[PDB]
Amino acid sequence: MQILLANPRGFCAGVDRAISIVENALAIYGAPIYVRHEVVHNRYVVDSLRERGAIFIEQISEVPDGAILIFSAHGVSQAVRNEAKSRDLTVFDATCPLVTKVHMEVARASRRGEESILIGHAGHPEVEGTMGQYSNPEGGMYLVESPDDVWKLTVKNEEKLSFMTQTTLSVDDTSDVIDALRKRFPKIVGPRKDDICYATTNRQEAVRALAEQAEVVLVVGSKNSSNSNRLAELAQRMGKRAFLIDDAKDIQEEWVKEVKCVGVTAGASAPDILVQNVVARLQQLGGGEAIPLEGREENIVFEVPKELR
């Protein structure tokens, strides 16, 4: 059985920075370090950090006065930021710079009292954080997930309207939403394309190439990782069986029995050791040396804040 590896795969720059922020805080201040929400959506990274003394909480009311609190890569609303500020907390912000960039635009529209529409998945922490940058009652902030949501949205002033997106969406489905937004609201303003980040766009391009060759695609990532689930969905829509798995223990023998080519990739929040264990298990199941596909080069690094070197 041939094993192919997608390229790029695995950690993005914002995840590598966010995990470093927590590790460095642990190293400098000791346990406990509180983290609002899973720092990234990966069970193995979060369980690990928990074992080292990070305590993951959903609400600031769970954190003791005097504590150090880190905000996760996905970002937080101004309400959450203000609640930490008003509390006795020392805060470090692991929000990825590419999320913060969207936040700055939503805050700008808020100050102007002009309405904004976010394309994103309800309930996801990045969407809570981004919607939570808008607070002007004279304007409005609306969420759409699909073209049907667009066809039902009414706004107060469609002449002054802008849109933003979550960073980890499907590139193809978001294109359909924007096409519907521009049909319904021809004066809407946005970025040139969307706010989907380079790592999400690149891993979906890489999974498309992988799926063209492989019969089955395994995506290493946790169930709550949006970007990871997009990679599995992309391969399934190309007619390949694709499974989102946390680790090698999840691989069911029947998924690869009699398969000639299996592809492996990993979401932006999944560490490379999990991919190496998955390859080792595919080799038990008859796979050869893993062959890396050629891929788009990534070169971006985001440094930790100077206070945490």
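The first residue of the shown sequence is 1; numbering continues from there.
- Averaged over CA atoms, B-factors in the entry run higher in 251-259 than in the other of 251-259 and 269-277.
- The stretch 87-95 shows the higher mean C-alpha B-factor when 189-197 is compared against 87-95 in the entry.
- As recorded in the PDB entry, 112 shows the highest C-alpha B-factor of the residues 124, 112, 223, 237.
- Looking only at 45, 67, 70, 242, the residue with the top Cα B factor in the deposited structure is 67.
- Ranked against the other modelled residues of its chain, the C-alpha B-factor of residue 36 as given in the entry falls in the middle third.
- Per the deposited record, the Cα B-factor of residue 228 falls in the lowest third when ranked against the other modelled residues of its chain.
- Remark: residue 156 belongs to the highest third of its chain, ranked by C-alpha B-factor as recorded.
- Among all modelled residues in its chain, residue 175 ranks in the middle third by Cα B-factor.
- The deposited CA B-factor of residue 137 belongs to the highest third of values across its chain.
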